[PDB]
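To start, the structure under review is shown below, and the notes come after it.
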Amino acid sequence: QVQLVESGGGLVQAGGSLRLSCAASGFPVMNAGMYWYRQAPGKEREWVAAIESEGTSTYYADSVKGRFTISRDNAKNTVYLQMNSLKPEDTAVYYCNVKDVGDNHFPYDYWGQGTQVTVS
Amino acid sequence: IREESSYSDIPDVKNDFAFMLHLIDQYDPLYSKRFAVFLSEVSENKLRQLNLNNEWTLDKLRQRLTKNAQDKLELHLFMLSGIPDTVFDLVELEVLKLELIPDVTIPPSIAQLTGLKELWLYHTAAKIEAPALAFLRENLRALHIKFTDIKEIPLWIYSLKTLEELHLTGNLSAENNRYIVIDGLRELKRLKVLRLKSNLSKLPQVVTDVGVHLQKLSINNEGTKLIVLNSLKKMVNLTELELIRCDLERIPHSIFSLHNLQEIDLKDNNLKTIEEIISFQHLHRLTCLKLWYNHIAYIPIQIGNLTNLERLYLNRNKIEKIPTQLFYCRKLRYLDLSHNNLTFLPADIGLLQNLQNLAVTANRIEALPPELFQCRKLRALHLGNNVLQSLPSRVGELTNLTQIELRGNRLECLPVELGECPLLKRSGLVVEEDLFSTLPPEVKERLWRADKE
Amino acid sequence: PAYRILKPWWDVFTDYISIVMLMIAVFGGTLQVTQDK
Amino acid sequence: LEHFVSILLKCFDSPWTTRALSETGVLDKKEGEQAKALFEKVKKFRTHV
Amino acid sequence: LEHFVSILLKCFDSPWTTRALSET
């Protein structure tokens with residue numbers, strides 16, 4: 001089966017660093033494009049981080065430029081996302097997303113369960 | 001039957017029809033089971049598909065095969081209930097156009113097609129199986145789709161790794177997001193042409209990032225305001241920058257850094273000044289600067305600084321005079337300044353012996369300089385609705401001229417020397433019938449003799 | 001001639017019972033007519 | 001009753017019913033047209049009855 | 001009466017009556 005599961009959710013006051021992660025099942029991470037989206041109560045999903053397939057190039061939204069760090073670890077078959085003293089206004093529910101893996105069935109995009117990180 | 005035939009879409013039968021079914025069942029359930037197949041929508045759809053396949057035979061589609069603009073076999077399916085299975089036997093097909101086909105599923109039999117390269121999904125939501133999606137991922141060049149909602153676009157569009165051209169003509173502006181629908185456009189590493197038309201307000205960051213390897217970027221907002229704000233400086237290899245109907249209102253300041261550009265078009269952008277030619281000198285390979293369907297008062301003197309201009313276009317503009325410095329460009333071939341408030345052309349145009357096509361339609365041009373006709377490489381000259389009293393006889397020295405238009409002019413005399421040309425036919429030279437009689441008929445009869453083939 | 005499909009087993013049984021009752025009606029009627037002394 | 005019996009007998013002797021039950025190789029154009037007409041007839045009968 | 005009955009029977013099960021009704 002193909003699914004994404006992430007962790008690291010925990011309320012952290014401004015002044016520290018939180019290390020997120022993910023877990024990919026059924027497909028390699030190197031030959032796939034991984035995305036990170038954020039969700040907020042009363043607000044629509046906004047793109048945060050993207051790591052490109054076949055070359056491992058990072059892409060960030062204009063709101064989160066130069067503050068996060070994304071890496072792909074094929075040993076654990078996961079994607080690590082690390083922030084730098086995230087603001088309380090950045091408190092949101094982060095979603096993982098990989099679309100159109102080498103396997104091509106009806107679900108073309110796969111999302112994680114979702115983890116809520118709180119900053120105040 | 002629903003637990004046996006695997007067709008759960010058989011609705012329950014209401015009164016006065018369930019009773020007779022119960023009586024028939026009391027006779028035997030065989031009649032009820034054989035009759036239930038006409039109450040299921042799945043069986044009706046299967047019959048529709050079979051009748052479509054039988055009605056649309058292979059020969060009929062083969063005869064219906066046409067040639068598109070790119071001169072290759074194309075098949076247009078419009079408002080059909082589905083795709084006939086005989087269609088996927090046309091291995092010679094290259095372009096498949098589907099318009100208003102409801103609940104279309106692309107079968108694995110598309111792999112039988114091998115020359116297919118472009119897929120046109122016009123208001124059709126296509127669901128594709130794994131064997132067919134692999135073939136599309138390996139053997140599809142261009143994908144044209146039109147839509148009204150973001151949800152009714154295929155979700156497997158980003159799975160086409162070999163895709164080259166992408167044509168979006170919908171409305172990608174969703175609810176409070178920076179075009180999250182196409183956030184997967186970064187997956188396509190083979191993309192060469194992008195044809196967005198969604199009335200863009202802010203250029204998507206994904207498009208700006210993916211343009212680093214893009215060749216032809218064409219955008220249309222139908223006059224909707226679009227702001228660039230240092231968005232094109234990331235691209236280094238872009239060559240075509242069509243921005244027709246984008247409401248820029250000015251030429252963007254980020255277009256200067258795109259030195260590799262060769263085609264630029266800003267139609268219906270409501271421009272005011274184009275004095276940015278002095279900054280355009282970075283582009284040493286620019287040859288197709290298009291700015292027609294705009295409002296520019298006059299041509300700036302900086303045009304002469306660039307000498308590589310070959311396709312110059314300022315049609316449908318209000319330019320009162322042509323500066324003489326514009327004629328410095330010696331390699332113009334497709335210069336057209338039509339539907340403009342011009343009074344006369346300076347004689348410096350005759351130094352452009354490399355001119356091929358010229359359009360001076362809807363211009364108050366009283367006369368043309370004899371120096372202009374001294375060039376010998378002209379191909380086509382369109383002169384519509386111009387105040388011309390006479391036509392110089394020296395045009396007969398033009399031999400490479402293929403066609404001319406004199407419709408709408410206030411002419412009454414045509415030189416006899418015009419008929420002496422190696423290449424001259426009825427199609428090339430079309431004028432008013434009454435004005436056609438002013439030339440002697442012994443050459444007209446000979447021309448008509450050779451007009452066959 | 002396809003009317004039997006709408007007659008279940010109970011309708012056929014009632015038809016046969018009606019035929020038998022008609023037969024006994026005819027028998028009793030001819031007895032009561034010919035010899036009712 | 002006669003309309004129902006006629007429709008039921010038309011659907012019973014329809015070759016498309018045999019093909020549908022045997023679905024678990026070319027069909028005649030006239031057979032497909034007749035099957036479509038029978039589907040329409042069944043829809044009209046259902047909405048009338 | 002017999003002509004009317006025959007005509008009505010023809011029109012009832014005519015293959016084109018179903019098409020005309022489906023068009024509506």
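Don't worry about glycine lacking a Cβ; one is built from the backbone with ideal geometry, like all the others, and counts go over all protein chains shown. FYI, it's all coordinate maths here, none of it is from the lab.
Structural remarks
- Put in line by how crowded their Cβ is, counting other Cβ atoms within 10 Å and starting with the fewest, B:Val395, C:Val26 read C:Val26, B:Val395.
- Charges were assigned to the Cβ only: +1 to each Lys and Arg, -1 to each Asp and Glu. The resulting dipole of the stretch B:97-230 about its Cα centre is roughly 420 debye.
- Angle in degrees between helix B:18-27 and the longest Cα principal axis of chain B, rounded to the nearest 10: 50 degrees
- Evaluated with a Cβ-only charge set (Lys, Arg +1; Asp, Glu -1), chain B carries a dipole of roughly 1540 debye about its Cα centre, given to the nearest 20.
- Binning the alpha carbon pair distances of the protein assembly as shown at 10 angstrom intervals from zero yields the distribution 2, 11, 14, 15, 15, 14, 11, 8, 5, 2, 1, 1, 1, 0, 0, expressed in whole percent.
- Fully extending the segment from B:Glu432 to B:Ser390, taken as 0.36 nm per residue of separation minus the present Cα-Cα distance, adds 13.7 nm.
- At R0 = 41 Å, FRET efficiency that the Cβ-Cβ distance of B:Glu445 and B:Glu371 yields, to 0.05: 0.75
- For q = 0.12, 0.16, 0.20, 0.21 Å⁻¹, Debye-computed log10 I/I(0) when each Cα of the stretch A:3-117 counts as one equal scatterer: -0.40, -0.71, -1.11, -1.22
- Loop GluC sites (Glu not before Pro), the stretch A:1-99, which have at most 14 other Cβ atoms in a 10 Å radius of their Cβ (DSSP): A:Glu54
- 0 to 90° range, to nearest 10: angle between helix B:441-450 axis and chain B longest Cα axis: 40 degrees
- Unit charges at the beta carbon, dipole of the stretch A:3-117: most positive-side option, A:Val117, A:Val79, A:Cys96: A:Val117
- Of the trypsin sites (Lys or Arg not before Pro) found in the stretch A:36-107, the ones in coil according to DSSP and having at most 11 other Cβ atoms within 10 Å of their Cβ are A:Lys65.
- Dipole magnitude of the protein assembly as shown, debye to nearest 20 (Cβ charges: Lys/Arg +1, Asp/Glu -1, about Cα centre): 1540 debye
- Based on Cα contacts under 8 Å between residues 6+ apart, chain A shows a relative contact order of 36 percent.
- Taken along the Cα-to-beta-carbon direction at a fixed 7 Å, the label points for B:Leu100 and E:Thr24 span 2.0 nm.
- Taking the charge dipole of the protein assembly as shown about its Cα centre, with +1 at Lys and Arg Cβ atoms and -1 at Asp and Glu Cβ atoms, the residue from A:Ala23, B:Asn341, B:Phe327 reaching farthest to the positive side is B:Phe327.
- Charge dipole (chain B, unit charges on Cβ, about Cα centre) - positive-most of B:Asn294, B:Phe38, B:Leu96: B:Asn294
- Relative contact order [Cα under 8 Å, 6+ residues apart], chain B, whole percent: 5 percent
- Remark: C:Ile24, B:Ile157, B:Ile227 ranked as C:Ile24, B:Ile227, B:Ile157, counting other beta-carbon atoms within 10 Å and listing the fewest first.
- Packing-based exposure ordering (other Cβ within 10 Å, fewest first) of D:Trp16, A:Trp111, E:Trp16: E:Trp16, A:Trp111, D:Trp16
- Here chain B is scanned for chymotrypsin sites (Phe, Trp or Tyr not before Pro) in DSSP loops (not H, G, I, E, B) that have at most 16 other Cβ atoms within 10 Å, and the longest stretch holding none of them is B:18-297.
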